[PDB]
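Asker: below is the structure, and that's it, no one-letter string:
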Ligand SMILES: Nc1ccn([C@@H]2O[C@H](COP(=O)(O)OP(=O)(O)OP(=O)(O)O)[C@@H](O)[C@H]2O)c(=O)n1
Ligand SMILES: Nc1ccn([C@@H]2O[C@H](COP(=O)(O)OP(=O)(O)OP(=O)(O)O)[C@@H](O)[C@H]2O)c(=O)n1
Ligand SMILES: [Zn+2]
């Protein structure tokens, strides 16, 4: 639903379009998964008039495609989001974020006695859904937390 | 060269347009000056070409205007950005960042024994220019650093 | 004489409603019309056998605001083998020969009560005896509740945090149970619950209480919101952070708070009350601290001064 | 060829009932037919960044008994790799170029596991990582249990004390939940109950368990009675003395116990086991300690030898 | 009101020539005609978060010489893990509710400035904030120079010793740069040189300075000879003694010294000024110490007393 | 017969380019064809009167790897031979009747050398004596340098950090000034420059050297980049943070370096080498540490064996 009320409209020919980001989640994904660290051309729409009702963020990254696992990384902040693998101006593929195995470096261990804090390691949480409760287990201290708790960084 | 026909960057009724942001700073400004913390339409293009004057970033912020200060606050990252306020689809005014007097809430004092490393205090720095650099005197530390070092990483 | 004259203030349970009101009326009076030479030529010992600088600094300031000289010691130091030293009994008897009253904080419970067995006719004021009592903390708390709320009965008091080891919530609840029609809300984690014995007291006097899993349940109803430091050492750093988030107060949780609602906190705060909460008018914990200056002068004045002519 | 050859030992959950039995078997072989020159010319490091005299000695003796040399340290109160400035990563990066294996104890959870990413070829063994793992303790306990009861299956196992913070009881439960038909009795103070996640995990396996006020309650149903010291610092000395009447064990409690039943304790004990228990046939905590040597030799042998010839 | 009334004294750079003269004229007046009940019924906190007994003893004596009560703490003690405690912000807000002014020394630079953000309308006086400022040291120094010399401009001031880390020489030079026609001689070792940034200040205001390898070069010309402790920890014990001898003052080096010449030294002296120098009339460092009693009463009087009627 | 047989190792200056090469050679032999029973039945003492965990372990492993037994202690915070009352002379007088060799670290310079006068037959090896010698560190560095560059002659060697107090860089320079054609680049803060005497000695030999603001400056001229940790305590945290932007090394600096170039560091590192350097082919500080075992075995073998058969 390419923001088309007028003209001069946002498109792109090759690359990835990540649509249907919940409002205000957009920035965080640019931050967290460091998507801007590229010499490539990016276009971003924040607080856009969402498909039906409300606002949604959107990101378009020229001649840059991402992995099923990249896509999946997003399932914790934008599970509804959809990733588009457009080429030659056409949407040849539509993926949706599905819960990953593990979530590496983006999460912080709520345990302050975990060794991960002090050291040059990447965080790693094992992902396990407790029927809508989704539990994240830390690779080092092995303690387990609800994702609500671990998402306070 | 903010001319670029081809399916990109649109005009806006009102708001503010920050052009000629050097590349990899556009995100720095987003981040540092908390500009996504708003529910107004935001358009960001990163690494668009300034014709050939490298690759520039560009930020369009609908129904939003700034102060001379807020604009001066950008002089350190984008000393050569241009801020276009817009009302009714036309640019009723331009501005350049003018390096300010003091600098609040975004820097960090290099000095590790500065009390503004523990406590509920926003940092403030006096700014003063030298032959080939700008010095920054910490409010508390009272110590003074080249902006280049205060720009620790 | 006033009823408190020459009395030892050891526990909140030894004070009556009346005793409570008297102390508080006085504090009120001294707060409004100070008496800086009232305790002139009196010397008071400040014996902090256990360090506690806020408590001490408060007490001593009160002493000087009333005109008294202070001598004493903050202790922690080379007593690690002070057991091969003299008794507390002997320490009191010596000191009781020098000073006009004794303020003391001490590591063991019952310490202040023993003191009173040996101070002769020197009054003993408890600034803290281990996990037992801290009567002047409770008294600055009541004073603050009454001065902001207007009364001590018919209140909606919510007590939050570590309710198991929180000695001043236990004390405050015991005090408030002496007044009428109060309604208690306990919002603690299950490991740090209001001990049984308190609940039993309340049930017996037929006082209404309730457990809530969160603040927001009762926010609209509460007059006084009493927070407590969750001691983390008391926990597992894991277990801590797993529930921490549930009992942390942020400015945005008060939007529905009544106009009269006050947030109290006895002691040093950390992450339990966010800094943004400070910029609101419900924030009254610093005020509550300055009120210990009048709760404490009231005590000193009453105990050492046969007749008070405020 | 042996499944554990040049493997790291960090957490009990990374061991199978197969790997477990393997260890216990070798352990039993080494107990009978010693190999005092098995690990000749190998150099092991004993890195107690946290001191634990009991564990430390166990290991080093185990080490020497197979003929390895030992380098190491104990208690890093301010030792430059732990606590000055150096990262653990860099420490391990460095010591991994000196030795053939590493045994470490560390105050932070996950510390042994981190090591593992910087130790290259060199296997690292966990001798405790904060509140998390202590595999060697558990292998010690299983071996004993099975040496005295003849099986690790279908047992009536009672655990007592601090099931909430007893890192040993958690692990023991996990390990024993890998065998079939075991039935657990959890006697403990409510302030210290077995965590839910453990109870949960038990149930998604279908292992019979239940909770009990006191030990007399099940005394005659149990094969193994596993005591853990109650951390008194973990509670109020008033609060603590109230409950501990239902959790210390005395020989008189033993009058009705099975002849096969044995009392275990990871040690050190304070007053949870009276000394009069020490002379009954059930007392098996010093023997348990003794088996730590074989459990530990078994592990060192397995990890540093491609195959066992015993 | 006087211009200093209700002001925070945090840095020397925030004070003007005028402010400086005012403080000094006052100190002069109080030195000659004392006012021992001027600060009657006022209570001042002496918060030495960092111990410094000479500074403290001086401040407190001033407090009492003006009639004020003192409460406070000298600290060093069990703060080693006081970081898991409350903020400095919260400590100030509590205390600002009790006392009439706050004197404080603290380990971190900027500490006193932060304090002033939370003390409300309670004035904050810096007795030392890490390596940054110590304004009342500079003020007793000026007072002493002016009282012995007769002026603060047109002086030959020689500063000797460790000029790199010497916080009060940096401060004194900054103060003296506010007056006219002064001439500076720096006689430091090359490793402990007057930092660039000071020299630049001077060059900009067009003030004369000079570097000398020794005292004797300039002895005949100097009015005020300001010595500084060479911190040896700041050096190599070898490097120390290699040059030590060069910047040590003995009685016999003054023979050619002008009649008005005074030897000043802020702080504890060691080997930098020999004891024989004490028996001469140029020796003025103890006198300089007694003058902090009037520099400091001047501050307290001015800040807390709207109008002074000396 | 070997030139070093039963010789003491105290200072690098007492070693010839001949003795040096001898050590490096044996070292290389032992690295390839181990002699795990070379020093059987010998007992060595490891006398760390100053603790140094990194050095200590290196040595003891070296010790065990050649099959010697080890007796010793670490950190004499108040151990009766160092710090109670006993002289070092008497300590050595005594321990020299127990062992076949002594390795000692000591806080005072010249301490190893003193030992030498009381140790009789028994060789003593210096593992550090205050700020003076650390021969084993240097032999470690040379061996590495030569193992990675193939020569100790004609090198473009850059040293960075604290060249003023880096006891290691001084020694390294001396040692390498015994070979021909080496060219040094000294990048450091002026507050930390290479001492003059070193610069002097270089010049009475005619070795090309120069000083450099930063490492990018010479990045592509150097074979070896030898980093030393900058002691921040050795300067003002403001002062320190100002310079350290020009002396930390990051992989990005490495883009232009020779393929042969290697980065060395005596360890421990804090933030002078970013972790991203750790994964480049140039990073050679953990291998450097690793070679400390062979450099040290070589020495122990040489000193305690009349001749080598390798
Ligand atoms: N070459 C292309 C093609 C499409 N679009 C973007 O691709 C997204 C997906 O468009 P499309 O999936 O083909 O139809 P939609 O109807 O939005 O799919 P949906 O249910 O996901 O709305 C749209 O938001 C559109 O703006 C683009 O920028 N460049
Ligand atoms: N209602 C409006 C008004 C302006 N523009 C943006 O605001 C800027 C106006 O600058 P412009 O007047 O077009 O001059 P430019 O041609 O790029 O030259 P300059 O580069 O000097 O600023 C342009 O970046 C344009 O994209 C817009 O998108 N919507
Ligand atoms: Zn963790």
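Answerer: The structure has been received and is ready for your questions. Residues are numbered from 1 along each chain as shown, chains lettered A, B, ... in the order given. Ligands and ions are numbered 1, 2, ... in the order given.

Asker: got the domain boundaries for chain C?
Answerer: Domains of chain C are assigned by curated CATH domains as C:1-133+C:292-310, C:134-291.

Asker: end to end on the last one, go ahead and measure it.
Answerer: Start-to-end span of domain C:134-291 (C-alpha to C-alpha, to the nearest Å) is 15 Å.

Asker: and if you look at stretch C:82-92?
Answerer: With C-alpha to C-alpha applied, stretch C:82-92 spans 15 Å between its terminal residues.

Asker: what's in contact with it?
Answerer: C:79, C:102, C:106, C:111, C:114-115, C:117-119 (C-beta atoms under 8 Å, 6 or more residues apart in numbering or on different chains). C-beta coordinates here come from the backbone N, C-alpha and C atoms, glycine included.

Asker: out of those, list just those in strands.
Answerer: In this view, the contacts of stretch C:82-92 that belong to strands under DSSP state E are C:102, C:106.

Asker: buried subset of the contacts of stretch C:82-92, written for ChimeraX?
Answerer: Command for ChimeraX that selects the buried part of the contacts of stretch C:82-92, burial taken from 16 or more other C-beta atoms under 10 Å in any protein chain shown:
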select /C:102,106,111,114,115,118,119
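
Asker: now the two most distant members of the contacts of stretch C:82-92.
Answerer: Distance extremes for the contacts of stretch C:82-92: the farthest pair is C:79 and C:117 at 21.7 Å, using C-beta to C-beta.

Asker: tell me where the stretch 51-200 of chain C has strands.
Answerer: For the stretch 51-200 of chain C, the strands defined by DSSP state E, counting those that start in this stretch cover C:69-74, C:101-106, C:124-129, C:156-160, C:183-187.

Asker: dump the ones you listed to TSV, plus distance to ligand 1.
Answerer: Formatted as TSV, the strands of the stretch 51-200 of chain C follow (distance: least, C-beta to the nearest ligand atom, whole Å):
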stretch	distance to ligand 1
strand C:69-74	69
strand C:101-106	68
strand C:124-129	65
strand C:156-160	46
strand C:183-187	44
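
Asker: mind checking which of those is nearest residue B:100?
Answerer: Judging the strands of the stretch 51-200 of chain C by C-beta to C-beta, what sits closest to residue B:100 is strand C:156-160, at 43.8 Å.

Asker: partners of the closest one, with directions?
Answerer: Each strand paired with strand C:156-160, and its direction, by DSSP bridges: strand C:183-187 (parallel), strand C:224-227 (parallel).

Asker: for the first one, give me every contacting residue.
Answerer: Here strand C:183-187 makes contact (C-beta under 8 Å, 6+ apart) with C:155-160, C:163, C:173, C:176, C:193-194, C:202, C:207-215, C:217-218, C:221-222, C:247.

Asker: any chance of CSV for the strands of the stretch 51-200 of chain C, columns distance to residue A:39?
Answerer: As requested, the strands of the stretch 51-200 of chain C are arranged in CSV below (distance: least, C-beta to C-beta, whole Å):
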stretch, distance to residue A:39
strand C:69-74, 63
strand C:101-106, 66
strand C:124-129, 65
strand C:156-160, 52
strand C:183-187, 53
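
Asker: between those, which one is closest to residue B:74.
Answerer: Nearest of those (C-beta to C-beta): strand C:156-160, 43.6 Å.

Asker: quick one: the closest one to chain centroid distance?
Answerer: 16 Å (C-alpha atoms, centre = their mean, to the nearest Å).

Asker: and for it, what's in contact with it?
Answerer: With C-beta under 8 Å, 6+ apart as the test, strand C:156-160 has contacts from C:166, C:169, C:172-173, C:176, C:182-188, C:194, C:212, C:215, C:218, C:221-228, C:247, C:249.
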